[PDB]
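See below for the structure under consideration.
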Ligand SMILES: [Cl-]
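Okay, structure coming up:
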């Protein structure tokens with residue numbers, strides 16, 4: 001994958017904010033979706049973003065209400081809870097549909 | 002909401018199979034097929050991009066025998082025993098509220 005993701009901090013205090021920072025400079029991106037877990041599947045979708053409209057899409061079944069997605073794909077989670085800990089998967093949707101999946105994790109203390 | 006008919010479900014080696022896609026949606030961006038149960042780049046066969054009316058580049062799971070049509074239908078010719086198994090379609094919507102559909106066929 002071309003996309004890099006840097007989750008900061010890796011261990012987050014309860015009540016604090018976590019960023020899953022996405023670095024992909026490509027000029028041919030269509031958009032993004034984030035999932036909770038290792039799998040790209042609708043049942044685990046959190047939130048996504050469509051670049052040409054500059055808009056978030058509908059919240060997915062896995063959304064906690066505290067996420068914000070940014071136009072470069074980065075995910076913010078505010079006021080983290082213990083249940084937010086675990087595995088996160090970004091699907092980068094390219095205009096040519098040659099897509100990529102990148103999985104990271106963070107934990108909460 | 003996406004239906005897929007496997008035609009036929011039990012396939013003779015060396016014959017052809019269709020994964021026939023029925024989806025009436027008017028906000029489709031395109032499609033990708035994968036070998037296996039999961040949407041993952043390492044298993045991608047091929048896709049189709051609607052706004053340019055073209056197949057995209059073959060993926061790692063492409064064997065040179067697979068054709069994708071504009072509605073997402075997949076044709077596999079000259080089927081081998083290795084082609085048998087689980088296939089997953091990822092239906093990409095303009096709003097990125099996407100859908101994953103899995104089917105299977107057997108080879109004899
Ligand atoms: Cl998890």
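Protein chains in written order, with the deposited numbering: chain A, 1 to 109; chain C, 2 to 109.
By construction, the Cβ of each residue, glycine as well, lies at the ideal position given by its N, Cα and C atoms.
- Scanning C:3, C:37 and C:34 for the CA closest to the CA of residue 27 of chain C turns up C:3.
- Less than 8 Å divides the Cβ of residue 69 of chain A from the Cβ of residue 49 of chain A.
- With a threshold of 8 Å between beta carbons, residue 67 of chain A makes no contact with chain C.
- With the criterion set as a beta carbon lying under 7 Å from some beta carbon of chain A, the members of the segment 79-109 of chain C are 93, 96, 97, 98, 99, 100 and 101, in sequence order.
- Taken in chain order, the members of the segment 42-54 of chain C whose beta-carbon sits within less than 7 Å of a beta-carbon on chain A are 42, 48 and 50.
- Below 8 Å, enough C-beta pairs join the segment 88-95 of chain A and the segment 16-34 of chain A to call them touching: three or more.
- Those residues placing their Cβ nearer than 7 Å to any heavy atom of ligand 1 are, following chain order, A:36, A:37, A:86 and A:87.
- Neighbours of residue 62 of chain A in chain C, taken as residues whose beta carbon is under 9 Å from its own, are absent, since the nearest beta carbon is some 13 Å off.
- Within chain A, the residues whose beta carbon sits less than 9 Å from that of residue 40 of chain C are 39, 40, 41, 91, 99 and 101, listed in sequence order.
- Residue state for residue 16 of chain C is assigned as coil, using DSSP reduced to three classes.
- Not one beta carbon of chain A lies nearer than 8 Å to the beta carbon of residue 4 of chain C.
- In this structure, residue 18 of chain C lies near residue 80 of chain C, with their beta-carbon atoms less than 8 Å apart.
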